[PDB]
Structure formats: structure tokens, C-alpha cells
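One letter stands for each residue in the lines below.
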Amino acid sequence: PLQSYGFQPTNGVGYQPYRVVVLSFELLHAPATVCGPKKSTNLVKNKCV
Amino acid sequence: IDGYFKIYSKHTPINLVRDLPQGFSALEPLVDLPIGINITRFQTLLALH
Ligand SMILES: *[C@@H]1O[C@H](CO)[C@@H](O)[C@H](O)[C@H]1NC(C)=O
């Protein structure tokens, strides 16, 4: 079933290897576990925030 | 709860080996895991002596 790719340094761009990574996001009626950290700020006291 | 397995705990001295300490308990959470898997049955896992 399998055949190898001729990934050679002499190939034109269309036949050069490309590394593909896909980040798939699963949003279910289940607890979320992979969150962005967002950006932090410094604490300011004695002012309206 | 909502896919999270939670474990709360506390430690209290025993006056009777086969019975409970008296007075009010007030246990605190240590473990809270977003698994998404149900529990209908509980088995205590014992170590062999
Ligand atoms: C938990 O219960 C839900 C609601 O019926 C069901 O869809 C799911 O398959 C159950 N999960 C397990 C691990 O039994």
C-alpha cells in the first residue's frame, strides 16, 4: 500500500516536502481544558479599575 | 460535576477504630479533573497486607 516520496534537494518547489500541522479545536458540552492565558496587566491600587 | 471528578479531604482523630469522630467536618477540595466521563459505581481499592 505504501510508496515513498522522492524528497530530493534538486526538486523544484512544488515537489519539495512541507511540514503540515493542524490545530483542531473541539468545543463540546464538556469542560474546556486548553485555554489561552490572555495578556496580563500590573496591579493598580487606589484608582477605579 | 459537569465532567469534573472532585476530591475533598480532611483528617480527624479517632476515639473508636470502628466508628466516626464526632463534631462538624469541613473538608476542602484538592483534586478537580475535567475528564468528561460518568461514575455510577464506586469500588474501594484495597492494598493487600
Ligand atoms: C455519560 O452519560 C451521557 C448521557 O447519557 C452519555 O451520553 C455518555 O455516553 C455517558 N458516558 C459514559 C462514559 O458512560
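Structural data are supplied above this passage.
As a starting point, this report considers the structure included with it.

A separate point is the overall build of chain A. Broken down by element type, chain A carries zero helices and zero strands. Here the C-alpha coordinates of chain A stretch approximately 65 × 30 × 10 Å along the principal axes. Among the 49 residues that make up chain A, the fraction classed as buried is 4%.

Let's shift gears to the overall build of chain B. Check the secondary structure of chain B and you find zero helices and two strands. Summarising its shape, the C-alpha atoms of chain B cover approximately 40 × 30 × 15 Å along the three principal directions. Split into buried and exposed, the 49 residues of chain B put 0% on the buried side. Taken as a whole, chain B presents about 5500 Å² of accessible surface, with 59% of it coming from carbon and sulfur. With 4 positive and 4 negative side-chain charges, chain B shows a spacing of 9 Å between the two charge centroids.

All right, on to a nonpolar patch on the surface then. Residue and element names in this part refer to chain B. Judged by side-chain polarity, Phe-5, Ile-7, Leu-33, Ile-35, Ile-37 and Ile-39 come together as a nonpolar surface patch covering roughly 600 Å² of accessible area. Along the chain, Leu-33 falls in strand β2 (residues 28–34). Relative accessible area serves as the criterion here: at 41%, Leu-33 is assigned to the partly exposed category.

All names here are of chain A. Among the residues examined, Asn-11 registers a relative accessible area of 17% and is labelled buried. One polar contact links the side chain of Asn-11 to the main-chain carbonyl oxygen of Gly-6, over a distance of 2.8 Å. Of the polar contacts made by the side chain of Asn-11, one reaches the side chain of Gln-8; its length is 3.0 Å. With near-sequence residues (within four places) excluded, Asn-11 lies in contact with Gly-6 and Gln-16.

Next up on the list: the packing of aromatic side chains. The final tally for this structure, using the stated rule, is one aromatic pair over all chains. Directly above the aromatic system of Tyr4(B) lies the positively charged group of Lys6(B), at a separation of 5.0 Å from the ring centroid.

Residue and element names in this part refer to chain B. Along the chain, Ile-35 falls in the segment after β2. We classify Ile-35 as exposed; its relative accessible area is 52%. Separated by 32 residues in the primary sequence, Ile-35 and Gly-3 have C-alpha atoms spaced 5.6 Å apart.

Reading the values: the criteria
- Residues numbered from 1 in each chain as written, not as in the entry; some residues may be left out.
- Chains lettered and ligands numbered in written order.
- Part of a larger assembly, values for the part shown.
- Heavy atoms only, no water.
- Helix = DSSP H or I, 4+ residues; strand = E, 2+ residues; numbered from the N terminus.
- Buried < 20%, exposed > 50% of the residue type's maximum accessible area, 1.4 Å probe, protein only.
- Areas by Shrake-Rupley, 256 points an atom, 1.4 Å probe, with all protein chains shown as cover.
- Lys, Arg positive; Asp, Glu negative; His and termini not counted.
- Charge placed at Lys NZ, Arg CZ, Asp CG, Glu CD.
- Patch = residues over 30% accessible without salt bridge, like charges linked within 9 Å, V, L, I, M, F, W, Y side chains within 5 Å.
- Salt bridge = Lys/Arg side-chain N within 4 Å of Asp/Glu carboxyl O.
- Polar contact = N/O pair within 3.5 Å; in protein donor to acceptor, adjacent residues only side chain to side chain.
- Contact = heavy atoms within 4.5 Å.
- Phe/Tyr/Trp six-rings, centres within 6.5 Å; stacked < 30°, edge-to-face > 60°.
- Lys NZ or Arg CZ within 6 Å of the ring centre and 35° of its normal.

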